[PDB]
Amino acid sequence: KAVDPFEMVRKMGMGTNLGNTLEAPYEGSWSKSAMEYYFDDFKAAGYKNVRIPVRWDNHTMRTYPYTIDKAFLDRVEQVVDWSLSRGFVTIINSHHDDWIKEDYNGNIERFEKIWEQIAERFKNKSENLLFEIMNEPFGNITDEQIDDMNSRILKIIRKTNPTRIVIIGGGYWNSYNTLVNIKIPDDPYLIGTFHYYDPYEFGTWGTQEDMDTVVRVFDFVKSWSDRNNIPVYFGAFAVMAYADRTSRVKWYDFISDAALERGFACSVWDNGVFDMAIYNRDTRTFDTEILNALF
């Protein structure tokens, strides 16, 4: 007996991303690196969870045995503990580690070793630390390889983390269609996550129709959720350009109302740039209007 996915999702509520930080090529190379006070402010702001993207590529050896720099693991643990110590449901993953998609067969072992070491190093963390296998799994990889990856990375995790909730891609959506996974691993500690995906990238968001599209997507995902008995998590919503200020505020308010109503847990995307940012890391102030739209 441990905490179950549905209980975890209800607990996660609305949260935030620590974007363009640990998933940049090197911490700091993009947005300001992680500072402990970030978490004090997130807490004071109402966030109930913090997703922490991480790109392991440049901190892991490029050749066998694919060891992760101890120094980097220490760094991620420091940031995780700041989050966990403040009561946040904390999520860590693999983000922008595209090398794995560029050659699945050739790089899957390095990906396993990476996950092997992560699971090991955090095996004793609170139940509130969740393992998200890979940020946006859909794309330049086959549906079979995606399924193979989840099964094997999940199996690695389970050896040292028997009951820790793992997050895997449940599907994605766009203005034309929604895709959901039918092939779900047989595990009692999984949460499904969906992101906006468009296989044909080759307007501006915020309209009426756009909202009708999302409510549609959300209802289908919800049906998926009830049918497969698996909670839902929108790990990075509101990653779009809007026609104007008033439209942006409206979208955050809408999206979060619709998700929380259907019992979905979610994290807003915040790249810390002042440009899809809600929290200013230099002034330690939030875009109050948006924060109120989320809660």
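Residue numbers here begin at 1 and follow the sequence given.
Trainee: Should the segment between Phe274 and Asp275 be described as having none, 1 to 3, 4 to 9, or 10 or more unmodelled residues of the deposited sequence?
Mentor: Count of unmodelled residues in between: 4 to 9.
Trainee: Quick check on the record: does 140-148 or 155-163 carry the larger mean Cα temperature factor?
Mentor: Averaging CA B-factors over each stretch, the winner is 140-148.
Trainee: Averaging the C-alpha B factors as listed in the entry, name the stretch that ends up higher: 77-85 or 206-214.
Mentor: The recorded data point to 206-214.
Trainee: Highest Cα temperature factor in the entry, among the options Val54, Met240, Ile68, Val50: which one is it?
Mentor: In the PDB entry, the greatest C-alpha B-factor among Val54, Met240, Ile68, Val50 is found at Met240.
Trainee: Between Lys183, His95, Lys222, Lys125, which one tops the list for C-alpha B-factor in the PDB entry?
Mentor: Comparing C-alpha B-factors across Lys183, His95, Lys222, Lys125, the top value belongs to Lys183.
Trainee: Considering only modelled residues of the same chain, in which third does the CA B-factor of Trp115 rank: lowest, middle or highest?
Mentor: Lowest third.
Trainee: Which third of the chain does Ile191 land in by C-alpha B-factor: lowest, middle or highest?
Mentor: Bottom third by C-alpha B-factor.
Trainee: Could you place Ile100 in the lowest, middle or highest third of its chain by Cα temperature factor, using the values in the record?
Mentor: Within its chain, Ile100 is a highest-third residue by C-alpha B-factor, going by the deposited values.
Trainee: By the record's CA B-factor, is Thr283 among the lowest, middle or highest third of residues in the chain?
Mentor: Highest third, going by the recorded CA B-factors of the chain.
Trainee: According to the PDB entry, is the CA B factor of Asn229 in the bottom, middle or top third of its chain, that is, lowest, middle or highest?
Mentor: Answer is middle: the recorded C-alpha B-factor places it there.
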